[PDB]
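Inspection log for the structure reproduced underneath, given as C-alpha cells.
Naming convention: chains lettered A, B, ... in sequence-line order (proteins, then strands); numbering from 1 in each chain.
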Amino acid sequence: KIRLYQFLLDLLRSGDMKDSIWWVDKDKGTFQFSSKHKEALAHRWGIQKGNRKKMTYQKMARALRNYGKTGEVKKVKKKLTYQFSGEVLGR
DNA sequence: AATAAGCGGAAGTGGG
DNA sequence: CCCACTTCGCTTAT
C-alpha cells in the first residue's frame, strides 16, 4: 500500500483536492492544509487505506507526527503547515 | 466555557 | 516483533 507522505505528495503533484491542501513554498516542500476542508482529505486517506474506522484529520496528523524523528515530514511553526524532506521530494 | 491546533504515550493491527 | 500507521488526556492561544 501507499505511505501517507506519498499520498499527500501525490495529491500536491496532481492538484487534486486543491481546496484541501496546497504548496506554500514548493521548492522547499512546505505545504499547508485547509482549516475548513482538511477533513475531506483525511477522509480520502482512510478510504484509500481501507481502514476499519473513518479517518479524521487528528488521526492523520497523529500519523504525520511520527515522521518527525525519521524526518520524512516535519511540522512547521505555522498553522496547519508541514514540510517534506529533501529526500522525499527527490523521489 | 468553547474551540481549533497541536502534542505523545500506548496498545492495536499490517506486512503478497 | 518492527514497519507504518491507527485508535485518549493534555496543553496553548483566541
So, is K49(A) near the phosphate of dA4(C), with a side-chain N or O under 4.0 Å from OP1 or OP2?
-> no
When you measure from the side chain of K75(A) to the backbone N and O of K78(A), does any donor-acceptor pair fall under 3.5 Å?
-> yes
With respect to the phosphate group of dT6(C), does any side-chain polar atom (N or O) of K53(A) fall under 4.0 Å of OP1 or OP2?
-> no
With sugar-phosphate meaning primed atoms plus P, OP1 and OP2, does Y67(A) contact a base, only sugar-phosphate, or nothing at under 4.0 Å between heavy atoms?
-> sugar-phosphate
Gap between atom CZ of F84(A) and atom OH of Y67(A) - 0.5 Å precision = 9.5 Å
Donor-acceptor contact below 3.5 Å, side chain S20(A) vs main chain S34(A) = no
What closest approach, in Å, do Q83(A) and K28(A) show between heavy atoms, and which atom pair accounts for it?
-> NE2-O, 2.9 Å
Phosphate-side-chain proximity, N66(A) and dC5(C), N/O vs OP1/OP2 below 4.0 Å = no
Verify whether one side chain among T70(A) and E72(A) offers a donor that lies under 3.5 Å from an acceptor in the other.
-> yes
Assess whether one donor atom and one acceptor atom, taken from the side chain of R62(A) and the base of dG9(B), lie less than 3.5 Å apart.
-> yes
Identified pairing partner of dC8(C), criterion: Watson-Crick or G-U wobble below 3.5 Å | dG8(B)
Integer angstrom distance from the P of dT6(C) to that of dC10(C) | 25 Å
Output the single nucleotide from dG6(B), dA4(B), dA10(B) whose closest atom is nearest the side chain of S35(A).
-> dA4(B)
Looking across every strand, which nucleic acid part, if any, lies under 4.0 Å from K38(A) by heavy atom: base, sugar-phosphate, or nothing?
-> sugar-phosphate
Ignoring backbone atoms, test whether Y5(A) places a side-chain nitrogen or oxygen under 4.0 Å from the OP1 or OP2 oxygen of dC5(C).
-> no
When you get a sec, tell me which of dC7(B), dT6(C), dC5(C) is the closest nucleotide to the side chain of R3(A)?
-> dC5(C)
Which part of the nucleic acid, if any, lies within reach of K77(A) when heavy atoms closer than 4.0 Å are counted: base, sugar-phosphate only, or nothing?
-> nothing
May I ask you to evaluate whether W45(A) reaches the phosphate of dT6(C), defined as a side-chain N or O under 4.0 Å from OP1 or OP2?
-> yes
Could you check which of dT13(B), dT6(C), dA5(B) has an atom nearest any side-chain atom of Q58(A)?
-> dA5(B)
